[PDB]
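Engineer: Questions regarding the structure given below will be posed in turn.
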């Protein structure tokens, strides 16, 4: 009888159940240990010197710290350009203002909101979420093509009179809303934005088109980031300070290890055609009989 | 008593001898000679003789009329046997097994059964899951209900012919071919409601997303896994898209009422299934035209029903009301002097 | 015969075709072939074989288990379909037998 | 009036406005364009209707008038001169139109009353209750943004 | 039983009855096999639903029974279900070249390429789309390419599967070109892959120690064109596996030919089981075609 | 349907006496044509030295068969049978019939009483019961597989054992597929195709059970993967360490593998299947003709 | 769709019409199938092709 | 698309129709405007609407 | 046909119009309706209770508000600008260890919290709650759950929470005296209608 | 249950190309919510080595150590950084049981025989059976390795849990 490995696998049973935690002690998942695995019959050696654990903890520290050192770089850039201009900032966002108004207290509230936002930074925030489309698959040719289409010459009448017809006035902006009447900070916020054609400033609405109405509230402050990594930090009254976010003091494979945007493969219920309207999810559920 | 109050509906089919009036030569019937077709069998020889007929109306308006005249028997039982939801949704089970087993032992349903595939449901017409009972002493049956609030004012919502949906969902009050005003009249709630000037009468029954709305809109039943063969008496009051599709000028609504808005209940089975485009009988339903249900005589206590039965003719017409007990009276004496009249 | 009859249906299809099906369960030492008469509303052969595979995958895993547990002994088949004819949904009679039966002596069509 | 073939799309139906546009050249220096071909210049027009009606004027002379509107130092109404409404075409390679200067619009033998057509985007009313009569006006309003 | 009557709901114009009367002796798929039917149950438009899967229509169309259209008289079309072995005639609506002596199958309507959208029947919210009566080698190629697109596309990113499927969807058959519209991954397609995988592994096990090395023996022996064109595939296989040399085969040690006969018999069983998943049944075998390829006659049922 | 088959040659009355013994025999015709010559009659239109066997079985799938009905002096009434109705055919092949046997049709390689003209001959296919047909089909196919190595002698004893065939009153000599130490070309493609299919069946399931068990993975896939491990362990036991299959494959080589597997599976349907033609009924005495139902 | 010119040109018969409701109401509520209600004097019945 | 049954059933004028090329050649190489070639014997001429 | 069973008439509007005819002993089982008596096809007193409605009351689709939540969240916030006052929630999450000293630090602000929706469903009396003067009627969807529209990370998200007991029903749909009579029925059930 | 055997045999058969070791897991309500476990598309693991980057790259040196330098054109390297980041993950098998259960009574309701030292009868509402791989470079193995569990839902979002190799084999490696 050439008896199968499956029956001796089951009848050999499982030795013991051992649970384990993660490093941050957030999840706690359990591990089985079957005796009839081939894990036993390879005769593995095992050892852990402490210097390797120290280097492992340092590498894991870097992997956790890449986001917060990016946020610290953002704060340093804010303070750098705020020292650089000399304290005089323009209004880059459309809001009607009054002249007789106390403005030193708005500066105090702006410093307060800046310290509060630095206290409550997280990996689920503006710059990380705006960075995730930049790490994608077709980002290189898309940015190259947008650069070439931006840097195209003035068209001659030949391509206007016989060539093909020519051709994104709104942008997908990401926002961190902080607020000091309640010390409530709001992290993952999406804002549709474009220019006001009557002037040269920006108009910020919802995806529904709400005309986002926190800018008139005197206590909030917002951080805006654009997909081309342009930077904005807007105190009430429409005045704001601008920069570029600088990530050049950071490694590349750390940025791809941490929050590189995901690419999916084909499972059941998915179109082998690329990009049609898919049907519903597979949805293996316990409410129904599982069929 | 739990913290709510369910209210039931039912469809009860009578047997009607309707009389028909028509003027002289209302239509013209064109016939021709019979046409034979020969079918060869091994022993027999069956000829199908055919003859085609064109009927042309010779009237401008409705030149011929009918009226419902005389009933002689009630086909259904007019009972209170509650509609089995576990057979019209045979798939939805509880997540934990033992509580599901305990509920199945609590109710009468034995086990969940798997719904059929798409191709099997293409070949067969429907499920017809439930069994004919052995002794069917009173006729077929239906009684389906809705969870309502116990503070529904009964005097205007259970004594007159009212739409049990929560709002007056009469589409004919809407100006025709207007789709926005229809959902403004039957779904929105920051405005008055027809026939009862509150916003609604049951917040668990009116708007989109009520358990009535998710349980008796047929599209919400297709969104989950439902059974098609069974007939829902609520379904004429909650299939919203059919009512929006019935938003025409009223002549066309009457034409669809006498042409397409007649229903199917098979007469032989013990429950009330639906016909599968059957040419046997089409059941005329005047409730679908008006979107209103009719209040039937209901009684809280035994003694009020006793003094209803002790009273003479027209005793069912009134509506007596004690402190915490109440009797709704029938708006038509079809329990008074139908079965006694025979 | 009430023992050999089975279905996976509410038997409310109009034209009920019939199918002889045998299997080869190798959970026994030699073989335990479960002979079966099967009605179905479905008429096409291949999709019926797919439904039967969905219903009889335990015999398939038993078949592969016989193949691994005994290499020298050849496994013969897994099962053979053969239609016999078709009837109507009211022609059944609860031993369940049929009053009318159109015949169609089809072929031994195997499946795994 | 004569017209090249590049402009007579959306013109085989009788009844449409016809405005002669100026052109700083010498030989084709006047050109007769329809109102619908002016629709690729109005900012009032939405994107859907514009991408519709620009996908019918993909000929030679239509884009030349489009360029000639956007090449001078002047405005539009210092280059547009209204002629009125057409009533018939002739459909050659150089189509012949018959515009109506003053009066009604009708067929020969008056058997058919032609109708003036205007696209939905340019239409504009300022009252919910129209009178027994209402006049029609052509409004050009400039956005000096 | 042999004749079924489908009645229309709408009134019929002259254009409607004129479009219908050109559809005499055409194919109509009917699911229900009832004696009298409405036009919503006619043809295929009751189940045509894109973004769902071509294999779904191929599965359900396989179950629907067929008929021919004759004796159209307005508000009735009198479909006639053909019985087995008798001689009937068929007009092909789909632009497929027909040849004599050929056997036909039924496939869901894959579009010709210009997307003509010739519904060839007008209702307000109903169309009469038709399945394509197709010769056997094209339908076999369709099932083969469908299963290849099914097996290949697992666990692949969109890039390589796009650059392969854009080649694989294009078919050619007698100066024509068609595509597969909704090739998506479905449950029936998945269980057909699992059965194909079981069958292929059974072919792997049930090969003897001499049929496995026959191509190696001929690769030592002969050099034809297809010898090279198969040897490159097996050589790339064995080179991606091992970076050694593909060994010369040895002498056959245990010869006992009843084992080889039973071995090839089990191989034949598993190979017919694998082959039936791409082969559809013959629904029409032709007798003679019109020289215009507009119609033909066929000796089979529906 | 009727077919009239005439002869342009002169027909001797002795050959009429030969032909009336073929009162009802199966003959194949390449296309259903109402009036036909005799050059399309039989299997003499496909005989040569180089094609041999598999070409005729492939060309027999698409030919339509027919039965001779009566004999006029210069035309033969051929009658195409239809399904369900029954006819009386003659036992042409060397095997004798029994009741209930499903009859299949096979090209007569061994054949060796036929109509004779100056360039045209008459040859009729063997009407054999289906189990014998599958039996000699797999016998010829294994005999074609062994064709490369007959320089050894126990394999010569093997093919000598495979040469004869056991049946009721039957010792036939199935002809050698390899002639002059060379194989005929269609059998060469057939044996090569089943060889390479047996190779790719080994070399692709090791990938595809991994590709498929990322879905719902029943015990069928588990025992399939263990069986594949048994095949791998018994394959490379006399070999170095392992074949060591990789995971990241080029897509187009996998396409060229799988399409080749299916397209060479496509050209083996004529050998793995059998056209059943007749299911026989009550036979005549001494078994030289029989009434049979045409199950086609 | 419907040649309404042939109704206005061919000689009719004279019938006493008795609509149920008012005839403009039965026109505006679409009891009948195909309507050609207008006002004034259409010259549509003259251009015969 | 004209009613070819009307051409079939109406009585025709017998003409010595003698053009230059073959009939199938002048048809299939598109000399005329709207062709309609049935090869068998179409029963569409027998359905009158 | 349709009919109610088990309703609750108000007590402050209570009356009797049949005094001379009926006289019921004053136990609570006659003072709270739980049955309904109808007539059959024959003139026969049939009876329906809550017991026989178990084929409907206990279905697992009745306790799944997920399609209800989906239909509630697709039509999102009320577009009425007059009622931009009730959709304000701040439902944060913070640690609890520092809370015992942050509780005098919470009132270091002098700015109030907006009113919650479930608070806003309780300041209507039994009879105006069905009128249009209520704002929260688009929140009451199901007798087993609480539906709301209020804000997380400055976006109005729909939130469906289950009413674990029957106390979370609003008083307009479930008034206090009704609970008192229900408890009186419970006390009659345990033979305790005179309590000690 | 049924995926653990298959993955055990798969890692056995694939052991010589990569010396991964099987790691049979169960996840429950402490990890992810039931709404997340009902639509869980597939899992992902990666055997990051002890001191450095990962397994899917070159051992010493690469072209991903450079700064990103804040450019628009090749914002992070280009497509090659995407290919290196996609190559380093491997897809483990996956099986989810979305009904409440008890693990030991489930495995005894299947064919297995659990002999635990004392009744640690764990209860849960939904059990997803996953099975990762962890590498040994040579036949020895360092405890300073770490894992990265990646759980993917079809919207594109994910979650990441990480834990070392030391705590995984703190007792079981010491039991052999």
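Protein chains in written order, with the entry's author numbering: chain A, 298 to 464, 468 to 591; chain B, 1029 to 1370; chain C, 168 to 261, 273 to 290; chain D, 50 to 194; chain E, 5 to 306; chain F, 6 to 117, 123 to 306; chain G, 1 to 49; chain H, 1 to 49; chain I, 393 to 588; chain J, 1 to 176. Cβ atoms here follow ideal geometry from the backbone N, Cα and C, with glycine treated the same way.
Closest Cβ-Cβ distance between residue 241 of chain C and chain A: below 8 angstroms?
Structural biologist: no
Engineer: Based on Cα-Cα distance, which residue from C:215, C:259, C:186 lies nearest to residue 249 of chain C?
Structural biologist: C:186
Engineer: Taking 8 angstroms as the threshold, find out whether the region 568 to 585 of chain I comes into contact with the region 536 to 547 of chain I through three or more Cβ pairs.
Structural biologist: no
Engineer: Quick one: is residue 522 of chain I buried, meaning 16 or more other Cβ sit within 10 Å of its Cβ, or exposed?
Structural biologist: buried
Engineer: Can you tell me whether residue 312 of chain A is helix, strand or coil according to DSSP?
Structural biologist: Per DSSP, reduced to three states, the secondary structure at residue 312 of chain A is strand.
Engineer: Counting Cβ pairs closer than 8 angstroms, one from the region 1269 to 1276 of chain B and one from the region 1295 to 1302 of chain B, do we hit at least three?
Structural biologist: Counting Cβ pairs under 8 angstroms, fewer than three are found: no touch.
Engineer: Of all the residues that make up the region 9 to 25 of chain J, which are near chain A by a beta-carbon distance shorter than 9 angstroms?
Structural biologist: 9, 11, 12, 15, 19, 21, 22, 23, 24, 25
Engineer: Looking at chain B, is there any beta carbon in it that lies within less than 8 angstroms of the beta carbon of residue 108 of chain J?
Structural biologist: no
Engineer: What's the gap between the Cα of residue 1234 of chain B and the Cα of residue 1215 of chain B?
Structural biologist: 7 angstroms
Engineer: Helix, strand or coil for residue 225 of chain E, going by three-state DSSP, please let me know.
Structural biologist: DSSP places residue 225 of chain E in helix when its eight states are reduced to three.
Engineer: Provide the residue span of the alpha helix (DSSP H) that contains residue 82 of chain J, from first to last.
Structural biologist: 79 to 87
Engineer: Going residue by residue through the region 107 to 195 of chain E, where are the continuous beta strand (DSSP E) segments of at least 3 residues, counting only ones entirely within it?
Structural biologist: Complete beta strand (DSSP E) runs here, min 3: 107 to 111, 136 to 139.
Engineer: Assuming the contact rule is C-beta atoms closer than 8 angstroms, residue 96 of chain F and residue 105 of chain E should be a hit. Round their C-beta distance to whole Å, please.
Structural biologist: Contact doesn't hold; Cβ gap of about 28 angstroms is too wide.
Engineer: Taking residue 5 of chain H as part of the alpha helix (DSSP H), name the residues at either end of that continuous run.
Structural biologist: 4 to 9
Engineer: If the criterion is Cβ atoms closer than 8 angstroms, does the pair residue 28 of chain E and residue 73 of chain E meet it?
Structural biologist: Between residue 28 of chain E and residue 73 of chain E, the CB-CB gap stays under 8 angstroms.
Engineer: Could you spell out where the beta strand (DSSP E) holding residue 254 of chain C opens and where it closes?
Structural biologist: 246 to 255
Engineer: Tell me whether the beta-carbon of residue 191 of chain F lies closer than 8 angstroms to the beta-carbon of residue 10 of chain J.
Structural biologist: Not a contact, by the Cβ cut-off of 8 angstroms.
Engineer: Quick check: is the beta carbon of residue 303 of chain A nearer than 8 angstroms to any beta carbon in chain F?
Structural biologist: Answer yes: the Cβ-Cβ gap between residue 303 of chain A and chain F drops below 8 angstroms somewhere.
Engineer: Taking 8 angstroms as the CB-CB cut-off, is residue 1142 of chain B touching chain A?
Structural biologist: yes
Engineer: So what's residue 1238 of chain B in DSSP terms, helix, strand or just coil?
Structural biologist: coil
Engineer: On the DSSP letters alone, give me the boundaries of the beta strand (DSSP E) that residue 300 of chain E sits inside.
Structural biologist: 299 to 303
Engineer: Which term fits residue 1286 of chain B, buried or exposed, when burial requires 16 or more other beta carbons within 10 angstroms of its beta carbon?
Structural biologist: exposed
Engineer: Please look up how many angstroms separate the CB atoms of residue 142 of chain D and residue 54 of chain D, rounded, as I've assumed it's under 8 angstroms.
Structural biologist: 5 angstroms
Engineer: Do you know whose CA, among A:419, A:448, A:505, lies nearest residue 559 of chain A's CA?
Structural biologist: A:419
Engineer: Out of F:37, F:32, F:56, state which residue places its alpha-carbon closest to the alpha-carbon of residue 189 of chain F.
Structural biologist: F:56
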